[PDB]
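First up is the structure itself, then whatever we jot down about it.
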Amino acid sequence: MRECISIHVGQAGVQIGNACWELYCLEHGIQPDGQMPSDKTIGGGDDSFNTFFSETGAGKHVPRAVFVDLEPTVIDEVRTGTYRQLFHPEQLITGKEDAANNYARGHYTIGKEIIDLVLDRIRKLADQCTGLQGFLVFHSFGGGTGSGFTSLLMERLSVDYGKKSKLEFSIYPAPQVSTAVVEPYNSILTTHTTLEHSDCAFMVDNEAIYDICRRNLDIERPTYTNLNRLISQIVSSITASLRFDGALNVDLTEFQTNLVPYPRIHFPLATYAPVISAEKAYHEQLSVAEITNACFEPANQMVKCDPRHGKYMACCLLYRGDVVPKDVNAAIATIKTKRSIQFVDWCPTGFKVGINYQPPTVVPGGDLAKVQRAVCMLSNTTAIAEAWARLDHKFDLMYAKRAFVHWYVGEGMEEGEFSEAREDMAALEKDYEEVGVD
Amino acid sequence: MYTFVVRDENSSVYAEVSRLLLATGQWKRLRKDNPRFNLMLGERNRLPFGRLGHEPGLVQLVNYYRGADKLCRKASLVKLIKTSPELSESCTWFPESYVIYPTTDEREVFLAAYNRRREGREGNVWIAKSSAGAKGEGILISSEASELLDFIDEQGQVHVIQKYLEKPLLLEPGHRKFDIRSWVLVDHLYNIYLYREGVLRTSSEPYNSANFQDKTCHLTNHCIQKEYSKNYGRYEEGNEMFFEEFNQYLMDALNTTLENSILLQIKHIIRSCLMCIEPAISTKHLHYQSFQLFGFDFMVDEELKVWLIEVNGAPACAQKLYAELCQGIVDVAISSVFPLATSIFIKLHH
Amino acid sequence: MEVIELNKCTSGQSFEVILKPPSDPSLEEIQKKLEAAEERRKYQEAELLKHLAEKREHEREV
Amino acid sequence: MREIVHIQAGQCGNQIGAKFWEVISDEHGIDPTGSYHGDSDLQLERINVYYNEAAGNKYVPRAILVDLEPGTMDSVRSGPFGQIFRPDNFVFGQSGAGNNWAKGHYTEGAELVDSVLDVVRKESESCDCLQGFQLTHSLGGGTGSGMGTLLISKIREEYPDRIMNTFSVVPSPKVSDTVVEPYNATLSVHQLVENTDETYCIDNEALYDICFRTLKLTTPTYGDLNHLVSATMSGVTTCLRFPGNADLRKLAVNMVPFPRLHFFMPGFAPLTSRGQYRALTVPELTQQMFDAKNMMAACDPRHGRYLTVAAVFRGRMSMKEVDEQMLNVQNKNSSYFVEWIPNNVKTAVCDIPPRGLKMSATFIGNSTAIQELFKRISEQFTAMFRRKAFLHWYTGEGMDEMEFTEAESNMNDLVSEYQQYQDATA
Ligand SMILES: Nc1nc2c(ncn2[C@@H]2O[C@H](COP(=O)(O)OP(=O)(O)OP(=O)(O)O)[C@@H](O)[C@H]2O)c(=O)[nH]1
Ligand SMILES: Nc1ncnc2c1ncn2[C@@H]1O[C@H](COP(=O)(O)OP(=O)(O)CP(=O)(O)O)[C@@H](O)[C@H]1O
Ligand SMILES: COc1cc(OC)c(-c2coc3c4c(ccc3c2=O)OC(C)(C)C=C4)cc1OC
Ligand SMILES: Nc1nc2c(ncn2[C@@H]2O[C@H](COP(=O)(O)OP(=O)(O)O)[C@@H](O)[C@H]2O)c(=O)[nH]1
Ligand SMILES: [Ca+2]
Ligand SMILES: [Ca+2]
Ligand SMILES: [Ca+2]
Ligand SMILES: [Ca+2]
Ligand SMILES: [Mg+2]
Ligand SMILES: [Mg+2]
Ligand SMILES: [Mg+2]
């Protein structure tokens, strides 16, 4: 058994982290108390769930989690909430005034003052680890903390834990649930600085989640709560192999090995099905073939884009529930004869498959119905570069006028970083295109 | 009211569509780079498909199908026909063709057939073309192979060599050659609409199988006849015979109709090509929707068999039909999505 | 369609299906970036305060 | 806790300041003795942004009251909520400023400014995390204009990393006390260009036209103008005073793309006279809010382009309908939004309405059309300055013509900087 430490940075990172740890506890049968009746090795263990939970002599199961925000109101809700007993004060870290949606302020000004402390509270958890694997880092692209502080943290984690893998769950900005204007700046700034420091990153576009909630949960005006519970489901299906018995994606290194042949192109597309309203009176449960086929509809992707007009480098299918290999392969055969699935020439055309028999757990009173079988597809397709193109175009439009740039310069940054970061992104878009197009 | 943007300066068709929409009083035009458009009349090259469908609360529509180039570029049309089971290695209505690179190449299979033709004492003239050959340039009709294989390598574009249809149908009076241009509109539901009005693009010169290197005898594009040929305009305006004349002619001269003789298999070919690529380009479940106007070019051999020769992704119209057809695009392609306050199209059902 | 590396356990199983074969910055360096930007703030702040001091001197002269 | 320190200076500053404290006190359930008597705890979660807590379940405004004359501050202490205010936060001279910027900024106000800063310090020290300052004042008198902008310069010197925003009342000949207002306003505007992060431009000319033409008040009083001001002030501060995660700096970052262009056009719907049975519809709130008639800066938005826009809807309503109508109004006005700031129109909904209305909306527009306001002031300034008319009131306090010439030039640079971005394209 090798341990994983989860780091949640900024508003989006913290609130998604709470939704995830909530769901983890329900999946492993851990109570808000922190007690796990079914763990019969009291006060210890090297079971698979111990990858994410440590144990106290009193039988309390404690997330291997650090929450970090530069203002305190979000983490205070953690300290008062339903899982307040789960965590310990030194895991929750709050500054006093935030980054004001300003990358430079989260990275340079405020970040310099809290980075050393954060790495100390992280060291305290890494010291409880026999075999630390690495880090899962949750954050927004758009916030000044999520963008600016995260890139600083990621740089220093490469210094202090240089052999360790680092995975990101990153919220890509959507105007429909954002009141900010400068998020394209923060997104390109944090991606440039974090790229050589992240082994594998799962982007989630709030636009896609927001639409899924509206179309399939019949929620006319989704909140962050609605979005985060759906995101937590997807995150759980991605991390389930680190927390349960299995032979696929059992350590963080296997994520890069299976999903990322090129280090720079390390942004796998997630697609999830089925999303079913819990208010549906009557619902006909979907088969292995139907949920698998849904993994190739852009309407179910975490990022809207068209994989037909790109090429695959890798594709994993992660099933939870009543699934056996025969039905998966019958579905894949049928799907291949009717969908445009082009792999790059130098990669094998095929799917790695993991099945876990427990069906997805849903939060009681949430919006998602229980289902008998669900799947999350992780495909490294060049089509996700469409999200880079969108965001770089917004960046270009504003930066040609230097709109808002004075806010960043005012906090110690130089215009040169803007153009340096945007050139990296220009190279990235080219990297994707010579991989995916002829 | 509805908004739209215009990004192909040089499009006869959507120029007139611009005018039509404004004159309805319910369409406002924006500038090239304003993104809160309902409709994009896009550029031909590197249209930013990735940026469409991400404007909150705007239903967005573009006049091109991403991926439709597989059909509308000569090298890739060859590859699509030979590799798609729907069409297959010996599809009956496309000339035996070969993609050949200068300097997945077929230079050897090209010769295997060419050789068996040599010994067969049967017709073995070929033609070699490119998508970069504008206004009649870059093509070579030759009865001896390596005369065209050297013409291929003397420039850097990828070419196709196809068996030249030696025995074409010839109009009378004139002993003159032609090809048929059909305009096809595919809407956001992927309904396939064939404009009822086609046009024949004629040769003013009589055909002459003897000398291939003389070309306005063999090459029917509107421009080359307009510029290179001495007899340009005798029988019909602009070397453009329309369907009513061509039909009345096929009855008088051949005791048959355009419908039975040619159009049945034109409609078959159009459906075969477009249904084949539908899974790859359909926008039915996508966050933006597409339509596109295509120009299909056909040849008719003397047995009244129809051959497909190219598909044009950005076609122009005949002056006579712009009003009618452009108004048809509005009604079928645009107002279908953005409704306002008989028909000229033949729906090819599938 | 070839299946391979099928592993099984009570919690589930996994396998691979193949349809076709194929055809570092230093701690010191960070600390320097963070400190050069802090210096740029201090210099901008000092110019503002010099500007305000000039304004105070004008107020005295009025 | 992100506290705001409020300063009100001069006659206009204190009159509109007191209405503001009256209006939001009622919204938070605080009565004229500072005792809470509300019915929801939404009222108290952000109470501390503007109020200090004193033992005895009292809430005391974090407000400092300044004037060079005692008159208008005796009337504050008289007025409905006069007892609420902390008595040591009344800071007053006796001389008065005579509608003379030079007296407020350089001679009479210089005498009093240190006393004001002692009270500011003693309010800031008691702040867990000071968010910034807001000042209410006019630009046409001497105290709010001249001494108000002196305070802002001093506050910046002592708190240079703190947000300084203002509600600034612009002079108009339609509502006019003296001929020298264009001088006082032009001198003040240059100060504001340099030393505020956000200035809400409350144009007395717009408030007059609104009262006279839409509300059909034939003889508008200061009371009628301030009814509109108070509605707007309650509006813009709604999302600082009730739950919804942006401090003043975060609002400034997303509203101000160039540092000097931070002068906002306010607006409000529905426009009302003092003394509304029909609730408006979300479509009606939206279109009124974007129509020139509801603009409290006498500028035509169709004569410029919006760099950023914010709108705050209040009342129980459909966020779905708000999103739809907002995205609507942007398409019939699509040309009037710059295309090189993507998604520059942002919205909030708060389900607590203002007193006396179940639906209302407040408008915050950063439009390049605001230049019409500064051109108007600059033309009135120049009309007198080309003959050096009335300058002796200012040279008599130590000022030099050159300082007026610089103020004029600085003002016209601001107008040209706006015109630059109104013609900028993508
Ligand atoms: N999915 C999801 N997105 C969120 C959530 N909270 C904020 N966001 C998004 O994050 C972006 C704003 O960045 P934040 O994370 O809120 O800001 P921050 O990380 O706290 O950094 P600061 O600027 O200092 O506040 C917007 O684009 C929001 O849509 C959340 O709970 N769930
Ligand atoms: N296999 C064949 N047999 C006989 N003639 C042929 C032929 N292939 C092409 N041609 C002739 O050559 C001409 C040009 O071919 P093609 O249609 O590819 O050019 P093009 O792509 O410039 C037409 P457009 O301008 O409408 O796109 C045709 O009009 C036709 O008469
Ligand atoms: C000095 O006076 C002030 C004037 C102000 O606006 C005229 C504001 C001010 C309030 O709310 C905002 C909102 C906004 C963006 C900007 C503002 C803003 O800027 O976007 C959404 C997200 C829609 C919410 C409201 C604050 C002030 O500080 C006290
Ligand atoms: N809206 C409004 N404007 C005012 C009021 N009082 C004065 N003004 C305007 O502000 C200018 C002078 O400012 P005033 O407050 O009277 O003098 P100060 O005490 O030096 O600020 C004049 O041009 C007036 O039109 C007020 O109560 N409301
Ligand atoms: Ca155990
Ligand atoms: Ca590394
Ligand atoms: Ca004195
Ligand atoms: Ca002192
Ligand atoms: Mg935050
Ligand atoms: Mg062509
Ligand atoms: Mg007065």
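All residue names refer to the structure tokens as shown: chains lettered A, B, ... in order, residues numbered from 1 in each chain, ligands numbered from 1 in order.
Around ligand 10, the neighbouring residues within 10 Å, taking only C-alpha atoms and all ligand atoms, come to residues 72, 73, 74, 129, 130, 131, 132, 133, 134, 135, 136, 295, 296, 297, 309, 310, 311, 312, 313, 314 and 315 of chain B.
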With N, CA and C atoms kept, could you save the residues just selected as a CSV table (one decimal), in the first residue's frame?
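Written output follows (part-v1.csv):
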```
chain,number,residue,atom,x,y,z
B,72,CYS,N,-14.6,16.8,-50.4
B,72,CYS,CA,-14.4,17.9,-51.4
B,72,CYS,C,-13.0,18.2,-51.7
B,73,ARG,N,-12.0,17.3,-51.5
B,73,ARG,CA,-10.7,17.4,-51.9
B,73,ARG,C,-10.3,16.1,-52.7
B,74,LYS,N,-9.6,16.3,-53.8
B,74,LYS,CA,-9.6,15.2,-54.8
B,74,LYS,C,-8.8,14.0,-54.3
B,129,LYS,N,-5.1,15.2,-61.8
B,129,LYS,CA,-5.6,16.4,-61.4
B,129,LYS,C,-5.1,16.8,-60.0
B,130,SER,N,-5.5,18.0,-59.5
B,130,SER,CA,-5.2,18.4,-58.2
B,130,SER,C,-6.2,19.3,-57.7
B,131,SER,N,-6.3,19.5,-56.4
B,131,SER,CA,-7.1,20.5,-55.7
B,131,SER,C,-6.5,21.9,-55.8
B,132,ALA,N,-5.3,22.0,-56.2
B,132,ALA,CA,-4.6,23.3,-56.3
B,132,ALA,C,-4.6,23.8,-57.7
B,133,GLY,N,-5.2,23.1,-58.7
B,133,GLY,CA,-5.3,23.5,-60.1
B,133,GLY,C,-6.5,24.5,-60.4
B,134,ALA,N,-6.4,25.7,-60.0
B,134,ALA,CA,-7.4,26.7,-60.2
B,134,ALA,C,-7.5,27.2,-61.7
B,135,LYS,N,-8.7,27.6,-62.1
B,135,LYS,CA,-8.9,28.1,-63.5
B,135,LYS,C,-8.1,27.3,-64.5
B,136,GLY,N,-8.4,25.9,-64.5
B,136,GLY,CA,-8.0,25.1,-65.6
B,136,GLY,C,-6.5,24.7,-65.6
B,295,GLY,N,-21.4,21.4,-54.4
B,295,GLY,CA,-21.5,21.3,-55.9
B,295,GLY,C,-21.0,19.9,-56.4
B,296,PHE,N,-21.9,19.1,-56.8
B,296,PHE,CA,-21.5,17.8,-57.4
B,296,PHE,C,-21.3,17.9,-58.9
B,297,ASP,N,-20.2,17.4,-59.4
B,297,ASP,CA,-19.8,17.4,-60.8
B,297,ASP,C,-19.9,16.0,-61.3
B,309,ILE,N,-17.1,12.8,-60.6
B,309,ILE,CA,-15.7,13.2,-60.9
B,309,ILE,C,-15.2,14.2,-59.8
B,310,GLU,N,-16.0,15.1,-59.3
B,310,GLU,CA,-15.6,15.7,-58.1
B,310,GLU,C,-16.8,16.2,-57.3
B,311,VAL,N,-16.5,16.5,-56.0
B,311,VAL,CA,-17.5,17.3,-55.1
B,311,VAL,C,-16.8,18.6,-54.7
B,312,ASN,N,-17.5,19.7,-54.9
B,312,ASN,CA,-16.9,21.0,-54.6
B,312,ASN,C,-17.5,21.5,-53.3
B,313,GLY,N,-16.7,21.9,-52.3
B,313,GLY,CA,-17.2,22.3,-51.0
B,313,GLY,C,-17.6,23.7,-50.9
B,314,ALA,N,-17.1,24.6,-51.8
B,314,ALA,CA,-17.5,26.0,-51.8
B,314,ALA,C,-17.9,26.4,-53.3
B,315,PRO,N,-19.0,26.0,-53.7
B,315,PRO,CA,-19.4,26.1,-55.1
B,315,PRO,C,-20.1,27.5,-55.4
```
Could you list, as a list in words, all protein and nucleic acid residues with an atom at most 9 Å from ligand 9, counting only C-alpha atoms and all ligand atoms? residues 10, 11, 12, 69, 70, 71, 72, 73, 74, 98, 99, 100, 101, 143, 144, 145 and 146 of chain A; 245 and 246 of chain D
Could the residues in this selection be saved with N, CA and C atoms as a PDB file, in the first residue's frame?
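In the end it all went to result.pdb:
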```pdb
ATOM      1  N   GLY A  10      -8.150  26.936  -2.996  1.00  0.00           N
ATOM      2  CA  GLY A  10      -9.112  27.931  -3.417  1.00  0.00           C
ATOM      3  C   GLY A  10     -10.540  27.488  -3.185  1.00  0.00           C
ATOM      4  N   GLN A  11     -11.467  28.385  -3.521  1.00  0.00           N
ATOM      5  CA  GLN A  11     -12.881  28.082  -3.340  1.00  0.00           C
ATOM      6  C   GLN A  11     -13.269  26.803  -4.072  1.00  0.00           C
ATOM      7  N   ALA A  12     -13.123  26.797  -5.400  1.00  0.00           N
ATOM      8  CA  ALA A  12     -13.531  25.637  -6.185  1.00  0.00           C
ATOM      9  C   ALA A  12     -12.859  24.372  -5.668  1.00  0.00           C
ATOM     10  N   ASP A  69      -6.905  27.893   1.519  1.00  0.00           N
ATOM     11  CA  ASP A  69      -7.518  29.058   0.895  1.00  0.00           C
ATOM     12  C   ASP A  69      -6.900  30.322   1.476  1.00  0.00           C
ATOM     13  N   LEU A  70      -6.883  31.387   0.674  1.00  0.00           N
ATOM     14  CA  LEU A  70      -6.261  32.641   1.084  1.00  0.00           C
ATOM     15  C   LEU A  70      -7.222  33.574   1.817  1.00  0.00           C
ATOM     16  N   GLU A  71      -8.510  33.257   1.848  1.00  0.00           N
ATOM     17  CA  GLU A  71      -9.484  33.840   2.759  1.00  0.00           C
ATOM     18  C   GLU A  71     -10.275  32.694   3.372  1.00  0.00           C
ATOM     19  N   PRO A  72     -10.942  32.922   4.514  1.00  0.00           N
ATOM     20  CA  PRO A  72     -11.396  31.776   5.315  1.00  0.00           C
ATOM     21  C   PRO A  72     -12.837  31.309   5.161  1.00  0.00           C
ATOM     22  N   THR A  73     -13.694  32.022   4.427  1.00  0.00           N
ATOM     23  CA  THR A  73     -15.124  31.735   4.552  1.00  0.00           C
ATOM     24  C   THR A  73     -15.494  30.345   4.047  1.00  0.00           C
ATOM     25  N   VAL A  74     -14.774  29.813   3.063  1.00  0.00           N
ATOM     26  CA  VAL A  74     -15.157  28.522   2.500  1.00  0.00           C
ATOM     27  C   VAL A  74     -14.724  27.385   3.416  1.00  0.00           C
ATOM     28  N   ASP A  98      -8.023  37.460   0.192  1.00  0.00           N
ATOM     29  CA  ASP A  98      -7.809  36.516  -0.890  1.00  0.00           C
ATOM     30  C   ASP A  98      -7.086  37.184  -2.053  1.00  0.00           C
ATOM     31  N   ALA A  99      -6.959  36.448  -3.156  1.00  0.00           N
ATOM     32  CA  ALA A  99      -6.198  36.882  -4.317  1.00  0.00           C
ATOM     33  C   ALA A  99      -6.996  37.770  -5.258  1.00  0.00           C
ATOM     34  N   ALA A 100      -8.282  37.992  -4.984  1.00  0.00           N
ATOM     35  CA  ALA A 100      -9.105  38.906  -5.779  1.00  0.00           C
ATOM     36  C   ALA A 100      -9.054  38.563  -7.266  1.00  0.00           C
ATOM     37  N   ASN A 101      -9.109  37.266  -7.575  1.00  0.00           N
ATOM     38  CA  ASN A 101      -9.140  36.793  -8.960  1.00  0.00           C
ATOM     39  C   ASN A 101      -7.928  37.275  -9.747  1.00  0.00           C
ATOM     40  N   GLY A 143      -9.859  31.389 -10.394  1.00  0.00           N
ATOM     41  CA  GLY A 143      -9.570  32.103  -9.172  1.00  0.00           C
ATOM     42  C   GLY A 143      -8.116  32.523  -9.085  1.00  0.00           C
ATOM     43  N   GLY A 144      -7.874  33.556  -8.272  1.00  0.00           N
ATOM     44  CA  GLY A 144      -6.513  34.015  -8.057  1.00  0.00           C
ATOM     45  C   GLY A 144      -5.712  33.080  -7.174  1.00  0.00           C
ATOM     46  N   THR A 145      -6.380  32.412  -6.231  1.00  0.00           N
ATOM     47  CA  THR A 145      -5.738  31.366  -5.445  1.00  0.00           C
ATOM     48  C   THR A 145      -5.580  30.093  -6.266  1.00  0.00           C
ATOM     49  N   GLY A 146      -6.682  29.602  -6.836  1.00  0.00           N
ATOM     50  CA  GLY A 146      -6.631  28.355  -7.582  1.00  0.00           C
ATOM     51  C   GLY A 146      -5.633  28.392  -8.721  1.00  0.00           C
TER      52      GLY A 146
ATOM     53  N   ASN D 245     -18.708  35.763  -3.791  1.00  0.00           N
ATOM     54  CA  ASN D 245     -17.619  35.887  -2.825  1.00  0.00           C
ATOM     55  C   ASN D 245     -16.617  36.939  -3.298  1.00  0.00           C
ATOM     56  N   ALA D 246     -17.015  38.211  -3.252  1.00  0.00           N
ATOM     57  CA  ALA D 246     -16.227  39.292  -3.834  1.00  0.00           C
ATOM     58  C   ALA D 246     -16.111  40.452  -2.854  1.00  0.00           C
TER      59      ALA D 246
END
```
Using only C-alpha atoms, which residue out of A:160, A:168, A:211, A:386 lies closest to chain C? A:160
For chain B, work out the contacting residues on chain D at 9 Å, counting only C-alpha atoms, and write them as a ChimeraX atom specification. /D:323-324,327-328,330-332,334-335,339-340,342,426
Residues of the last selection are to be written out with N, CA and C atoms, as a compact mmCIF listing (two decimals), in the first residue's frame.
```
# COMPACT_ATOMS: atom_id res chain seq x y z
N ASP D 323 -30.97 35.57 -16.44
CA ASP D 323 -29.95 35.23 -17.43
C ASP D 323 -30.47 35.46 -18.84
N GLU D 324 -31.70 35.01 -19.10
CA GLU D 324 -32.25 35.12 -20.45
C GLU D 324 -32.39 36.57 -20.87
N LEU D 327 -28.95 38.32 -21.40
CA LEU D 327 -28.36 37.91 -22.67
C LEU D 327 -29.16 38.44 -23.85
N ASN D 328 -30.48 38.57 -23.71
CA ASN D 328 -31.27 39.34 -24.67
C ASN D 328 -30.77 40.76 -24.86
N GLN D 330 -28.28 42.33 -24.45
CA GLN D 330 -26.96 42.50 -25.03
C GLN D 330 -26.95 42.34 -26.54
N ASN D 331 -27.99 41.76 -27.14
CA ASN D 331 -27.98 41.54 -28.59
C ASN D 331 -28.65 42.66 -29.37
N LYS D 332 -29.61 43.34 -28.82
CA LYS D 332 -30.12 44.53 -29.48
C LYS D 332 -29.19 45.73 -29.19
N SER D 334 -25.81 44.98 -29.00
CA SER D 334 -24.55 44.24 -29.10
C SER D 334 -23.40 45.11 -29.58
N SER D 335 -23.68 46.11 -30.42
CA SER D 335 -22.61 46.98 -30.90
C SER D 335 -22.02 47.83 -29.77
N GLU D 339 -15.89 44.25 -27.94
CA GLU D 339 -15.75 42.83 -28.22
C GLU D 339 -14.42 42.26 -27.76
N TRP D 340 -13.52 43.10 -27.25
CA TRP D 340 -12.20 42.66 -26.81
C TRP D 340 -12.11 42.49 -25.29
N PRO D 342 -14.12 39.68 -23.39
CA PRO D 342 -15.18 38.66 -23.45
C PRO D 342 -16.00 38.62 -22.17
N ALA D 426 -11.57 44.73 -32.44
CA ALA D 426 -10.87 43.45 -32.36
C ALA D 426 -10.44 43.00 -33.76
```
Test item: chain B residues at most 10 Å from chain A, counting only C-alpha atoms, as a ChimeraX atom specification: /B:33,48-57,66-67,277,279-281,283,285-287
Near chain D, which residues of chain A fall within 7 Å when you count only C-alpha atoms, and what do they look like as a ChimeraX atom specification? /A:96,100-101,175,179-182,220-221,394,397-398,403-404,407
At most 9 Å to chain D: residues in chain C, only C-alpha atoms, as a ChimeraX atom specification: /C:45,48-49,52-53,55,59-62
Chain A residues within 10 Å of chain C, counting only C-alpha atoms: which ones, as a ChimeraX atom specification? /A:104,107-109,111-112,152,155-160,162,196-197,244-249,316-325,328-330,332-333,336,343-358,409-414
Atom CA of residue D:83 to atom CA of residue D:11, straight-line distance in Å: 18.4 Å
So which residues of stretch 128-290 of chain B fall under strand (DSSP E) by DSSP, listed as a compact mmCIF listing (two decimals) with N, CA and C atoms, in the first residue's frame?
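Saved result, result_8.txt, follows:
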```
# COMPACT_ATOMS: atom_id res chain seq x y z
N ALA B 128 -4.93 13.36 -64.78
CA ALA B 128 -4.29 13.57 -63.50
C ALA B 128 -4.55 15.00 -63.06
N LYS B 129 -5.07 15.17 -61.84
CA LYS B 129 -5.62 16.45 -61.41
C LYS B 129 -5.14 16.76 -60.00
N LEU B 140 -3.52 16.91 -66.91
CA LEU B 140 -2.83 16.35 -68.08
C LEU B 140 -3.51 15.07 -68.53
N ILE B 141 -4.17 15.16 -69.69
CA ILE B 141 -4.81 14.03 -70.35
C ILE B 141 -3.77 13.38 -71.26
N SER B 142 -3.41 12.13 -70.98
CA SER B 142 -2.36 11.46 -71.73
C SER B 142 -2.67 9.98 -71.90
N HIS B 159 -1.37 14.45 -56.37
CA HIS B 159 -2.30 14.35 -57.48
C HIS B 159 -3.00 13.00 -57.47
N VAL B 160 -4.10 12.94 -58.23
CA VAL B 160 -4.82 11.71 -58.49
C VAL B 160 -4.74 11.44 -59.98
N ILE B 161 -4.51 10.20 -60.37
CA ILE B 161 -4.59 9.85 -61.73
C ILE B 161 -5.88 9.06 -61.88
N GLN B 162 -6.78 9.46 -62.76
CA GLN B 162 -7.98 8.68 -62.99
C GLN B 162 -8.19 8.33 -64.45
N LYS B 163 -8.77 7.17 -64.72
CA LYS B 163 -9.05 6.72 -66.05
C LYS B 163 -9.92 7.76 -66.71
N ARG B 176 -20.18 17.75 -79.14
CA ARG B 176 -19.58 18.56 -78.09
C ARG B 176 -19.82 17.92 -76.73
N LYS B 177 -18.87 18.12 -75.82
CA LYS B 177 -18.82 17.42 -74.54
C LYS B 177 -19.28 18.32 -73.40
N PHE B 178 -19.59 17.70 -72.26
CA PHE B 178 -20.11 18.45 -71.11
C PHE B 178 -19.87 17.69 -69.81
N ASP B 179 -20.23 18.35 -68.71
CA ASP B 179 -20.39 17.75 -67.39
C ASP B 179 -21.59 18.42 -66.73
N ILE B 180 -22.17 17.75 -65.74
CA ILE B 180 -23.36 18.25 -65.04
C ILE B 180 -22.95 18.72 -63.65
N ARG B 181 -23.40 19.92 -63.29
CA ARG B 181 -23.23 20.47 -61.95
C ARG B 181 -24.56 20.40 -61.22
N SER B 182 -24.61 19.67 -60.11
CA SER B 182 -25.77 19.63 -59.24
C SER B 182 -25.43 20.32 -57.92
N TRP B 183 -26.36 21.13 -57.42
CA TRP B 183 -26.20 21.81 -56.15
C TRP B 183 -27.03 21.10 -55.09
N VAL B 184 -26.39 20.74 -53.98
CA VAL B 184 -27.01 19.96 -52.92
C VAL B 184 -26.83 20.71 -51.61
N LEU B 185 -27.93 20.89 -50.88
CA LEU B 185 -27.93 21.54 -49.58
C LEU B 185 -28.23 20.51 -48.50
N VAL B 186 -27.35 20.42 -47.51
CA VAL B 186 -27.52 19.54 -46.36
C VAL B 186 -27.75 20.41 -45.14
N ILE B 192 -31.07 15.89 -47.00
CA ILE B 192 -30.29 16.09 -48.22
C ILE B 192 -31.23 16.65 -49.28
N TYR B 193 -31.00 17.91 -49.65
CA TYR B 193 -31.86 18.63 -50.58
C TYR B 193 -31.11 18.85 -51.89
N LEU B 194 -31.64 18.31 -52.98
CA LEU B 194 -31.07 18.50 -54.31
C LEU B 194 -31.84 19.62 -55.00
N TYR B 195 -31.14 20.69 -55.36
CA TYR B 195 -31.76 21.77 -56.11
C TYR B 195 -32.30 21.23 -57.42
N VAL B 199 -27.27 22.33 -64.11
CA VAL B 199 -26.77 23.02 -65.30
C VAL B 199 -25.70 22.15 -65.93
N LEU B 200 -25.67 22.15 -67.26
CA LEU B 200 -24.61 21.50 -68.03
C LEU B 200 -23.56 22.53 -68.42
N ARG B 201 -22.29 22.21 -68.18
CA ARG B 201 -21.16 23.09 -68.44
C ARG B 201 -20.46 22.52 -69.67
N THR B 202 -20.66 23.17 -70.81
CA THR B 202 -20.46 22.55 -72.11
C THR B 202 -19.07 22.84 -72.67
N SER B 203 -18.72 22.07 -73.70
CA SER B 203 -17.59 22.38 -74.57
C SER B 203 -18.14 23.02 -75.84
N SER B 204 -17.58 24.18 -76.19
CA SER B 204 -17.92 24.79 -77.45
C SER B 204 -17.28 23.98 -78.56
N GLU B 205 -16.15 23.35 -78.38
CA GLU B 205 -15.48 22.71 -79.45
C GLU B 205 -15.95 21.38 -79.59
N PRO B 206 -15.88 20.86 -80.80
CA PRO B 206 -16.32 19.51 -80.92
C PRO B 206 -15.32 18.66 -80.22
N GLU B 240 -23.82 27.18 -71.07
CA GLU B 240 -24.64 26.70 -69.96
C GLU B 240 -25.99 26.24 -70.50
N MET B 241 -26.13 24.94 -70.72
CA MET B 241 -27.41 24.33 -71.06
C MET B 241 -28.08 23.86 -69.77
N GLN B 289 -24.64 23.70 -34.63
CA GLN B 289 -25.19 22.99 -35.77
C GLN B 289 -24.57 23.50 -37.06
N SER B 290 -24.52 22.63 -38.07
CA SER B 290 -23.94 22.95 -39.36
C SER B 290 -24.94 22.70 -40.48
```
If you run DSSP on the backbone here, which positions in chain C get alpha helix (DSSP H)? Please write them as number ranges by chain. C: 27-61
Please find the residues contacting ligand 8 at a distance of at most 8 Å between atoms, with only C-alpha atoms and all ligand atoms counted, and report them as a list in words. residues 114, 115, 117 and 118 of chain D
